[PDB]
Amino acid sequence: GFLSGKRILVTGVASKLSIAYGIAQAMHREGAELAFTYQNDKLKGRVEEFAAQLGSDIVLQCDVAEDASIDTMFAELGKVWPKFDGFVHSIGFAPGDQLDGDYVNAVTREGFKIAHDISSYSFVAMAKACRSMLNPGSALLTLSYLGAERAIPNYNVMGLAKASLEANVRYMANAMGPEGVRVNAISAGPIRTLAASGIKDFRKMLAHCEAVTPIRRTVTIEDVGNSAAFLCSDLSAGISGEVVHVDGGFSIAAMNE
């Protein structure tokens, strides 16, 4: 496949619904060698199962709120993958009270802080921690959302955190380009999931999108997974510092009434 010979780290698998599960599946189908991280003990088993299913026994814990957690994980990784070809960052967080109602009223200093720390800083923290382990030709990928570009109801402070994240992509891309490392993001559309979201009225969002999206359907984790695999392969060597919208053309239309 087009990822044959690549060794890639995938973060944020939490369930088969997780965008990262879709990315891992597709990367694995294209031949990449995979490693996985899990945030906490309550997730370990699951992830360990999925890894197995994808031919991997590299399964490490990592909580991005902790520097030491990140250092330790790469220390362990280095035991098996002294050098590797990049990683997928599919992680985010904000306290739920932040995600419901009038932004101005909902937002708090702490909520703001946490959201940006976990959803944005973590991306460069990881890079900082594995920089010297990366091969020439490596690629880093993160998952964004249209909320970084437009004010969306209830998404609230996540919007600011994702904007911060998209700038992080540009700053990282620029800084690590010359060493041979590419950095991009995928701005995915809302993905249908029966599972309960923390974002107030997500279902409504979904329904709306299906209706006014040019391609007339919401994207799947397979759509995202396939774009992610490509952006992480040498096939996209001419692309860096880019935020690729994988939302079926949703953001480019207006008034599809």
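For the two forms, the rigid core is made up of the largest set of C-alpha atoms that agree within 1.5 Å on superposition. Note that residue numbering follows the sequence shown and begins at 1.
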Between 223-231 and 205-213, which one strays more from this form in 8 other deposited structures of this protein if you match the rigid core and compare Cα atoms? 205-213
Do at least a third of the other entries of this protein fail to model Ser197? yes
Pick between 72-80 and 139-147: the one whose mean CA B-factor in the entry is higher. 72-80
Give the stretch, out of 55-63 and 194-202, with the larger mean C-alpha temperature factor in the deposited entry. 194-202
Between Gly86, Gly111, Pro153, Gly177, which carries the biggest CA temperature factor in the record? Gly86
Tell me, please, which of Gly225, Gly31, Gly189, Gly45 has the highest C-alpha B factor according to the deposited entry? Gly45
Taking only the Cα B-factors deposited for this chain, tell me whether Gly159 sits in the lowest, middle or highest third. middle
With respect to C-alpha B-factor, does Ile91 fall in the lowest, middle or highest third of the chain as deposited? highest
How does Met172 rank on Cα B-factor within its chain, lowest, middle or highest third? middle
Place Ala125 in the lowest, middle or highest third of its chain's C-alpha B-factors, as listed in the PDB entry. middle
Where does the C-alpha B-factor of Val10 rank in its chain, lowest, middle or highest third? highest
